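Enquirer: Before I ask anything, here is the structure I am working with.
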Amino acid sequence: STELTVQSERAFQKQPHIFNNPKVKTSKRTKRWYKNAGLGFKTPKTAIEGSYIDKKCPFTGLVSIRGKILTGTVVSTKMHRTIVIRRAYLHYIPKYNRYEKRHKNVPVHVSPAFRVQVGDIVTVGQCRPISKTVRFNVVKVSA
Amino acid sequence: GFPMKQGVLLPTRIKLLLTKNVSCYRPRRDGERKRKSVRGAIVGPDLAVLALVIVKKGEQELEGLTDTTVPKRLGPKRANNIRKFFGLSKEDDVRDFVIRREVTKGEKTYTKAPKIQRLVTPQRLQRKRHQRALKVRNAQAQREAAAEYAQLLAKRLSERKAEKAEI
Amino acid sequence: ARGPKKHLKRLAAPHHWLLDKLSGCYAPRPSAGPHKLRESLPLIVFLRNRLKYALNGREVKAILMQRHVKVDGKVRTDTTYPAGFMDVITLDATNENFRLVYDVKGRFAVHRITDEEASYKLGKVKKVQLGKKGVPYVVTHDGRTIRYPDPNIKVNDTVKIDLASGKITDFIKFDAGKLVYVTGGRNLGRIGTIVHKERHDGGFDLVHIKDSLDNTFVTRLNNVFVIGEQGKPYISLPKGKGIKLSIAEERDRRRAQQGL
Amino acid sequence: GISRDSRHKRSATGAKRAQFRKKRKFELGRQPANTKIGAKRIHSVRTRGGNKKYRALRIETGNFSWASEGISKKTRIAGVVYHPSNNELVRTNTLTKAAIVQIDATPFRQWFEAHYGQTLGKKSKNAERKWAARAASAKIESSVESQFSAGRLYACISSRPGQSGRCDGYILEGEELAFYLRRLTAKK
Amino acid sequence: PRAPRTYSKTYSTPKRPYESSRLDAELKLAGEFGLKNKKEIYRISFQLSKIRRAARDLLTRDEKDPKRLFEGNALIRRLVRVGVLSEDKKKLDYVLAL
RNA sequence: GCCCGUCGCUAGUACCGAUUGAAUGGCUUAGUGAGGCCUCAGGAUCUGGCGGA
RNA sequence: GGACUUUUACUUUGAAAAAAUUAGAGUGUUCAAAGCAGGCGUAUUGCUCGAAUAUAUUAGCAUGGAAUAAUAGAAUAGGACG
RNA sequence: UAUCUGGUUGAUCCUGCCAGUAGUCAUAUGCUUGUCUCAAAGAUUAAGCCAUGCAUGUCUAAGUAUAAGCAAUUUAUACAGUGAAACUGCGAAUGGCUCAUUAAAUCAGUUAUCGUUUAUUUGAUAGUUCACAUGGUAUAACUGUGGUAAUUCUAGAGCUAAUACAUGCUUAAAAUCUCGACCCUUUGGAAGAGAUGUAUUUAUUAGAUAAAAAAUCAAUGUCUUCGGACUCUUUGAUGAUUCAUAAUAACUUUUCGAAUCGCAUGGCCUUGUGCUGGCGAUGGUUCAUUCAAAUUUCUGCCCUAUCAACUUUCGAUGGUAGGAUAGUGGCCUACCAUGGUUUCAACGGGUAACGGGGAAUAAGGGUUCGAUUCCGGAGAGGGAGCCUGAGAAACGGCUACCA
Ligand SMILES: [Mg+2]
Ligand SMILES: [Mg+2]
Ligand SMILES: [Mg+2]
Ligand SMILES: [Mg+2]
Ligand SMILES: [Mg+2]
Ligand SMILES: [Mg+2]
Ligand SMILES: [Mg+2]
Ligand SMILES: [Mg+2]
Ligand SMILES: [Mg+2]
Ligand SMILES: [Mg+2]
Ligand SMILES: [Mg+2]
Ligand SMILES: [Mg+2]
Ligand SMILES: [Mg+2]
Ligand SMILES: [Mg+2]
Ligand SMILES: [Mg+2]
Ligand SMILES: [Mg+2]
Ligand SMILES: [Mg+2]
Ligand SMILES: [Mg+2]
Ligand SMILES: [Mg+2]
Ligand SMILES: [Mg+2]
Ligand SMILES: [Mg+2]
Ligand SMILES: [Mg+2]
Ligand SMILES: [Mg+2]
Ligand SMILES: [Mg+2]
Ligand SMILES: [Mg+2]
Ligand SMILES: [Mg+2]
Ligand SMILES: [Mg+2]
Ligand SMILES: [Mg+2]
Ligand SMILES: [Mg+2]
Ligand SMILES: [Mg+2]
Ligand SMILES: [Mg+2]
Ligand SMILES: [Mg+2]
Ligand SMILES: [Mg+2]
Ligand SMILES: [Mg+2]
Ligand SMILES: [Mg+2]
Ligand SMILES: [Mg+2]
Ligand SMILES: [Mg+2]
Ligand SMILES: [Mg+2]
């Protein structure tokens, strides 16, 4: 998201400790910082080329991916910079020896590097609690 | 029997919460503060006993105070304190100046005195010497132990260059 | 629960400790030290259960207060001292020296050693990183840190220590085909020298171990402890040398030595 | 006192959660310092396990650094003119992180003229050599050279005065300064 | 606070309580072996049925299953060890019939 | 032969019911508001020209 | 190390795996419920076996299988390899 | 250890419930009661109320002894043994008891901290601080004068202790940066003036590595063979970082950097109260370990629709910034947005509900129970608040309100 508005907040957005110098001549105009989370998740080129600033982004922001790595179907693109996915499963009831369709809707942060829609399968990795409900972050879109 | 406490400006009784270092309160646990009653600092006919201290002698010697005089139960026990209780110099061997207490147990007229503290004695300087020396000893024991490691890699580059000039 | 729990009820004590059930109501809580609580053994247990040296626990302290016992060096008179795996328990009296090594069943066994062998010990390096004013250090299973180690000394590798001083002499590495000792789960005690490692980036790399009986098994990395070269250990192993005798095998040869 | 827990703050589904395990000291929260300018007065606070924290009230001088020049000098904090969180913070001239302040600026020019000293604004044999080997690195900005005439420079707080006790910052430059410049003017 | 001293009971009881056939048999057995209460008979029936479902359980295991063999030879061994199961009947198919 | 319902006697159970009925617990508006903690002041004394307690 | 990987259910094996409990081995608590002891000589200054095994089974982890049952793929070619 | 039997009819076969029957680590009660072993037990109702007594104190050679204390011995005329009282330190956050609240809570298995605190134990770690033969009062116990019906109440007055309280010296070398008095104009270099322990705060920089090379602007480092060349040059960990670690300019009511104690006492001359020096105790920063803690991922709860819509009044879901925390986070505030759960049962209600290891009942599948010896959680008549501290929202701690 972030819809083409770079400096839209009351406060100035910048990455912490990433200093651009006005004295020197430069063809970048923003020393950018980035990393590869690991585990085989390619840092999307849109993250490195991107103009946005996201503190919660797993590639450009100050957050690490450790713990479970899950996958789910996106169900809600309504909130800004976040989505709700519905991870389905089937619960085994021993007495009847059969299953029942269950589900859970976990919220996860979505960095502006990825552009999603509802109905797309996506992989998210657990991170440090970044909100009241969000505990995961999007790392790769299968769809 | 409620005692008064300075700095209240009250001729009546009140109840306050006291802590350590405060008057009319001896704590019984760590960080323990208990609310107790206290009488004001302004004298009143309700007081049963007033406590006062003389600050100037009068015209006639009092019944038993200006006449009588009692001595200080203890004497200086810290070396520099004896020095300044007798206006002594810093080299007069105070151990001879520590006042004794002649006492008896029958014909056991013994003389006991306090263990003067903070005195400069051989053992004290032995300890200071030992510490001030041990410090520098390790100070460079580790500098040498550091150079030996520096050499381990200084000559591990031996193979970083001999396996480069041997293949 | 408001702080540190300083008790240990019975039935909560480690099973490999071999504590009888009805002996009152509590076990001795191991103290804080070099080895993890659930991964150790205290002196009271050693001197009372394993060696039957002291009858009461009251007697154990009387024994220790005379400086008779020393472990890995110094006296260590803490009745609840957490003596752990590979520690060396010397004994001024009786000239005895012991090394703490497991069985194949998983418990610590009494293993006497030479006065010569009592001078050293090993340790699985658990961490290696730079520190104070750039000097690198190593911390291992032991719970001791050694400054200025060799730049080839990586993590998970075993190391030999003098114990007269701190510096290490040799350092075996975690490479395919090196003597190992399983300390974890109940495969703990088995020995067999390496099969291969499954990295599994993210955590819990798994080790494949083949005993020298053509028997395979698997465990997790932090449970394997390299000890040297195939058939060539670096310490005196215990009887049976960890090869997982089957229940039928041990009962068969238990009835083998039949006549007295 | 305050509790930073989530027993309250009913579940994402909207359900209400009953009170269990009444408040403990580890879930504690304390009052803000709401630090103001002048008459430096700081108070220690016993955080978890000792670890004193310095709650700063009434702070007047701070360490501010010129980033483009790699220098840091201490100056007297003059005032606050912008805060993204609350306009009331600027009105009361309170000191918190991210606050935009104005500083004396005389030290940061005393050093410049002890430094190249090329009369920014508007004679020793050994000094001229460095001045010459320093020149061509003296023109700085059509937006930071101007504030010296005002004798007050725009800086941004980077410390947590209610936590560290110190109130440090860095002078504003480049596009960060451009952002706050349009903010200040377009606002007032 | 202290370990629970384990316990267990050694006597089961017939569901039908007034089966005259089984009652008469039971009595003659008691009066023959010198028993005092019929429950010393109920008891023996208890351990018997226990051994029987312990064996019959293994009897459906794939013949020569490791634990089947270990506990099978163990059971027959202790039974001959006491002298109830004949030495010719040492392959456990006769234990269902003790 | 069987058998149904009103009506009448004894006993029991539950229902509806004026009393804007009563009681016990869980929340909670509004109003009043103890206490400790933080903070602006204070300054009995008590000592370090201008700071501290 | 680099570059890239359609998604699932199922089943196998294994690790992780507290003790007591339970199933269960050994041992003759005088028997037994129990307990984890005990058994051996030179019983004069010691010899010696133990304190098993099983069990967790839903979920997560690891691994083999590719039947069964789903999902996706090239049709306005905006396909596939180069 | 896969079983049934009595009761609808004149008789019959069914459906079907009742009754029979067996067991219960399942309570009570009735009658009866000799031995061994074993030995639970005020849970259920009333987390209702409690007389009394007891349940937390603690000293080593090794912090403090002038008891006007015992003991007298014994090199000890400073102290020296033994030691009440009192200070200091530590502990009193473990233990034990109960199951009231608690239904996505707790708990269980499985995860996370690259998301923090961590007494202690254990291992490492400090030449740097500008009277040193060692700096300061102000106090208990004690003495003595007192009050009160009354308590582990205490006041006024006079002494004296320290590892309490409050301070304040020190140490090699070395190298690197800054200024730079002079001198002389060049390619430019110099006497010597300061600075530079660690810890806090901020800004900047290093921290390489996906296979190979050049040109140039601004500075500018060693070696000159004065065209010039610049020469092999070093790199830690993770899957993963701004990590470990390091450098630069500064900041701090300025953390630590031994004014401590026991047992011995010796060398070594240039004989200075010189210089030295053995074992081991308490402490002390920072890192590590261990005992922890705090949060934390995935999935799993009993009955209920005569509960279908629920969540933002007064945070409900997210963003930004800040504040607060030990630290992540609507934990809290400001601004902005309008999100979030639900028939795959949300939300609400009920529970004679703490969860679990587990118990009972033996064809199997199941059914039913767990207050209760182990683990976890919660609480101490009900709430809230807080001091001490490493650790308590503690209650055999305090403060307030209600009873
Ligand atoms: Mg950087
Ligand atoms: Mg929105
Ligand atoms: Mg002293
Ligand atoms: Mg202990
Ligand atoms: Mg009325
Ligand atoms: Mg405030
Ligand atoms: Mg009838
Ligand atoms: Mg009939
Ligand atoms: Mg008839
Ligand atoms: Mg019935
Ligand atoms: Mg009970
Ligand atoms: Mg009760
Ligand atoms: Mg004495
Ligand atoms: Mg004497
Ligand atoms: Mg407790
Ligand atoms: Mg919890
Ligand atoms: Mg004073
Ligand atoms: Mg590197
Ligand atoms: Mg960088
Ligand atoms: Mg860092
Ligand atoms: Mg001498
Ligand atoms: Mg209803
Ligand atoms: Mg409907
Ligand atoms: Mg926010
Ligand atoms: Mg709305
Ligand atoms: Mg329903
Ligand atoms: Mg209840
Ligand atoms: Mg049924
Ligand atoms: Mg329970
Ligand atoms: Mg239950
Ligand atoms: Mg109950
Ligand atoms: Mg409990
Ligand atoms: Mg509590
Ligand atoms: Mg009560
Ligand atoms: Mg209430
Ligand atoms: Mg309380
Ligand atoms: Mg009590
Ligand atoms: Mg208590």
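Ligands are numbered from 1 in the order shown, chains are lettered A, B, ... in the order of the structure tokens, and residues start at 1 in each chain.
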Report the closest atom pair, with its distance in Å rounded to one decimal, for each residue of chain D that has an atom no farther than 8 Å from chain A; count only C-alpha atoms, sort by chain and then rising residue number, and write it as a tab-separated table.
Expert:
```
residue	atom	partner	partner_atom	distance
D:12	CA	A:133	CA	7.2
D:68	CA	A:21	CA	6.3
D:83	CA	A:11	CA	7.7
D:84	CA	A:10	CA	4.9
D:85	CA	A:10	CA	7.6
D:137	CA	A:23	CA	7.8
D:140	CA	A:23	CA	6.3
D:141	CA	A:22	CA	8.0
D:173	CA	A:22	CA	7.6
D:174	CA	A:22	CA	5.9
D:176	CA	A:12	CA	6.6
D:179	CA	A:12	CA	6.9
D:180	CA	A:12	CA	7.9
```
Enquirer: With a distance cut-off of 8 Å and only C-alpha atoms (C1' of nucleotides), select the neighbouring residues of residue 98 in chain B, excluding the residue or stretch itself and same-chain residues fewer than 3 positions from it, and output the selection as number ranges by chain.
Expert: B: 76-77, 82, 94-95, 113-114, 116; H: 78
Enquirer: If you count only C-alpha atoms (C1' of nucleotides) and all ligand atoms, which residues end up within 8 Å of ligand 29, as number ranges by chain?
Expert: H: 354-356, 370-372
Enquirer: Please, could you write that set of residues out with N, CA and C atoms (P, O5', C5', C4', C3', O3' and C1' of nucleotides) as a PDB file, in the first residue's frame?
Expert:
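Everything below was put into out-v6.pdb:
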```pdb
ATOM      1  P     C H 354     -14.350 -26.096  41.075  1.00  0.00           P
ATOM      2  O5'   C H 354     -13.058 -26.619  40.307  1.00  0.00           O
ATOM      3  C5'   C H 354     -11.821 -25.947  40.447  1.00  0.00           C
ATOM      4  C4'   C H 354     -11.334 -25.347  39.152  1.00  0.00           C
ATOM      5  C3'   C H 354     -10.564 -26.295  38.232  1.00  0.00           C
ATOM      6  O3'   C H 354     -11.378 -27.040  37.340  1.00  0.00           O
ATOM      7  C1'   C H 354      -9.217 -24.435  38.687  1.00  0.00           C
ATOM      8  P     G H 355     -10.829 -28.419  36.714  1.00  0.00           P
ATOM      9  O5'   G H 355      -9.605 -27.981  35.796  1.00  0.00           O
ATOM     10  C5'   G H 355      -9.800 -27.319  34.557  1.00  0.00           C
ATOM     11  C4'   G H 355      -8.510 -27.251  33.784  1.00  0.00           C
ATOM     12  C3'   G H 355      -7.810 -28.583  33.566  1.00  0.00           C
ATOM     13  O3'   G H 355      -8.340 -29.333  32.489  1.00  0.00           O
ATOM     14  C1'   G H 355      -6.256 -27.055  34.417  1.00  0.00           C
ATOM     15  P     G H 356      -8.404 -30.934  32.595  1.00  0.00           P
ATOM     16  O5'   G H 356      -6.879 -31.371  32.762  1.00  0.00           O
ATOM     17  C5'   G H 356      -6.029 -31.428  31.628  1.00  0.00           C
ATOM     18  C4'   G H 356      -4.567 -31.537  31.995  1.00  0.00           C
ATOM     19  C3'   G H 356      -4.069 -32.892  32.459  1.00  0.00           C
ATOM     20  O3'   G H 356      -3.933 -33.844  31.424  1.00  0.00           O
ATOM     21  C1'   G H 356      -3.147 -31.222  33.825  1.00  0.00           C
ATOM     22  P     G H 370     -15.497 -34.056  39.017  1.00  0.00           P
ATOM     23  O5'   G H 370     -13.986 -34.494  39.276  1.00  0.00           O
ATOM     24  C5'   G H 370     -13.486 -34.667  40.595  1.00  0.00           C
ATOM     25  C4'   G H 370     -11.984 -34.831  40.606  1.00  0.00           C
ATOM     26  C3'   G H 370     -11.174 -33.683  40.021  1.00  0.00           C
ATOM     27  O3'   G H 370     -11.003 -32.583  40.899  1.00  0.00           O
ATOM     28  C1'   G H 370     -10.378 -35.710  39.137  1.00  0.00           C
ATOM     29  P     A H 371     -10.514 -31.173  40.301  1.00  0.00           P
ATOM     30  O5'   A H 371     -10.231 -30.269  41.578  1.00  0.00           O
ATOM     31  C5'   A H 371     -11.293 -29.658  42.290  1.00  0.00           C
ATOM     32  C4'   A H 371     -10.871 -29.320  43.694  1.00  0.00           C
ATOM     33  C3'   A H 371      -9.589 -29.998  44.162  1.00  0.00           C
ATOM     34  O3'   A H 371      -8.426 -29.260  43.821  1.00  0.00           O
ATOM     35  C1'   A H 371     -11.294 -30.414  45.727  1.00  0.00           C
ATOM     36  P     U H 372      -7.083 -30.015  43.365  1.00  0.00           P
ATOM     37  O5'   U H 372      -6.809 -31.059  44.536  1.00  0.00           O
ATOM     38  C5'   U H 372      -6.416 -30.631  45.832  1.00  0.00           C
ATOM     39  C4'   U H 372      -6.227 -31.815  46.741  1.00  0.00           C
ATOM     40  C3'   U H 372      -5.311 -32.894  46.192  1.00  0.00           C
ATOM     41  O3'   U H 372      -3.948 -32.596  46.419  1.00  0.00           O
ATOM     42  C1'   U H 372      -7.298 -33.886  47.011  1.00  0.00           C
TER      43        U H 372
END
```
Enquirer: Set the cut-off to 9 Å, count only C-alpha atoms (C1' of nucleotides) and all ligand atoms, and list whatever residues fall near ligand 5 as a list in words.
Expert: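 The residues within 9 Å of ligand 5, counting only C-alpha atoms (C1' of nucleotides) and all ligand atoms, are residues 19, 20 and 21 of chain F.
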Enquirer: Which residues sit within 9 Å of ligand 36, counting only C-alpha atoms (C1' of nucleotides) and all ligand atoms, listed as a list in words?
Expert: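 Those residues are residues 380, 393, 394, 395 and 397 of chain H.
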Enquirer: Would you mind exporting C-alpha atoms (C1' of nucleotides) of the selected residues as a PDB file, in the first residue's frame?
Expert:
```pdb
ATOM      1  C1'   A H 380      -4.898 -15.494  51.912  1.00  0.00           C
ATOM      2  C1'   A H 393       1.163  -5.698  43.947  1.00  0.00           C
ATOM      3  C1'   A H 394       3.621 -10.296  49.628  1.00  0.00           C
ATOM      4  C1'   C H 395      -0.595 -10.267  53.371  1.00  0.00           C
ATOM      5  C1'   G H 397       4.725  -6.748  55.433  1.00  0.00           C
TER       6        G H 397
END
```
